[PDB]
Amino acid sequence: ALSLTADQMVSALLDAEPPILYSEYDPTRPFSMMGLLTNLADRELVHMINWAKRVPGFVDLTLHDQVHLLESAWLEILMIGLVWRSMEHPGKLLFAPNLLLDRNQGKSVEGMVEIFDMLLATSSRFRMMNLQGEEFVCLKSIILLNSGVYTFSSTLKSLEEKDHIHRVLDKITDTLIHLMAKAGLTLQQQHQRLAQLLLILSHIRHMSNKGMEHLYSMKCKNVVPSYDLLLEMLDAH
Ligand SMILES: CC(C)CN1CCc2c(ccc3[nH]ncc23)[C@H]1c1ccc(CCC(=O)O)cc1
């Protein structure tokens, strides 16, 4: 991972991309929103594990550290994917190709329109910056590695794990800058755009926190992936 060139980092990320999934409803039948969005999220999570395992550096970490990082990041990862899919659909959220929803559709669940609104604004910001696919994959990998890295332990192994994570992040920063130099931006423009992109990450965190509050308020054993389910899926033979 740490020996990859910028172009090889980019190719590895683009190749790791998960598929776009569909919602499971009978489209011949009349048009619950939360059950549909929960089922979609459950299925995406499996693919997210596969993706995370292909982000360079990720499998170099301990299984316990892989679990912690996904546990911290999984709703942010789903959200950044949604915002990206929704970028060329002003005023709508493309949860799936057969489930494109507007903000009024979110009113059907108390607390949800607020979240819908924040996600639509972030998609709006992406459109204003003209975010590129290569930039988006870098940013999603940055969420995975960064979100849980401040909440681990100071065993010697933990100290080595945090160092590695920060080295892999440094390589993604290099790759982002490379992408922007290749596009022909000036050095000033490169650093300004790097900052703009990373500051949107703060908002994506905020959104995930607000959503997790909603999910925990359902008080449901079939909602939010447990440590153990994540551990079971990541602990592959
Ligand atoms: C209140 C928010 C958390 C609503 N979010 C907004 C982002 C999102 C959802 C579903 C599929 C998605 N695809 N891309 C993004 C995305 C939706 C949601 C709904 C239920 C769960 C529950 C999951 C479980 O209980 O295990 C998770 C996420």
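Every number for a ligand or one of its atoms is a count from 1 in the order of the listing. Each residue takes its place number in the sequence, starting with 1. The analysis underlying the following values was restricted to heavy atoms, covering all of them including side chains, and did not include hydrogens, waters or symmetry mates.
- With respect to the salt-bridge test (charged N to carboxylate O, under 4.0 angstrom), the residues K140 and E17 qualify.
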Check step by step if salt bridge (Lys or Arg N to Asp or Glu O under 4.0 Å) holds for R43 and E24. CA-CA 10 Å; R43 287 186 284 115; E24 272 190 91; 3.3 Å; yes
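- Contacts between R85 and ligand 1 below 4.0 angstrom, taking non-hydrogen atoms only, involve the side chain exclusively.
- Atoms of ligand 1 found under 4.0 Å from any heavy atom of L78, numbered from 1 in the order shown, are 14 (N), 15 (C).
- Taking each of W84, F116, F95 in turn, the one with a heavy atom nearest to atom 16 (C) of ligand 1 proves to be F95.
- Side chains of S158 and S153: a donor-acceptor N/O pair is present below 3.5 angstrom, by distance only.
- Residue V224 touches ligand 1 through its backbone alone, judged by heavy-atom distances below 4.0 Å.
- In this structure, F31 and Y25 have perpendicular ring planes: the angle between them is above 60°, well past the 30° mark.
- Atoms of ligand 1 lying under 4.0 Å from any heavy atom of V223, numbered from 1 in the order shown and given with element: 24 (C), 25 (O), 26 (O).
- The ligand atoms of ligand 1 that sit less than 4.0 angstrom from a heavy atom of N222 are 25 (O).
- Not one N or O on the side chain of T175 forms a donor-acceptor pair closer than 3.5 Å with the backbone of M9.
- Near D42, with a cut-off below 4.0 Å to any heavy atom, the atoms of ligand 1 are 26 (O).
- Between the side chains of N50 and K53, no donor-acceptor pair is found at a separation under 3.5 Å.
- Of the candidates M112, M218, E44, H214, it is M112 that places a heavy atom closest to atom 4 (C) of ligand 1.
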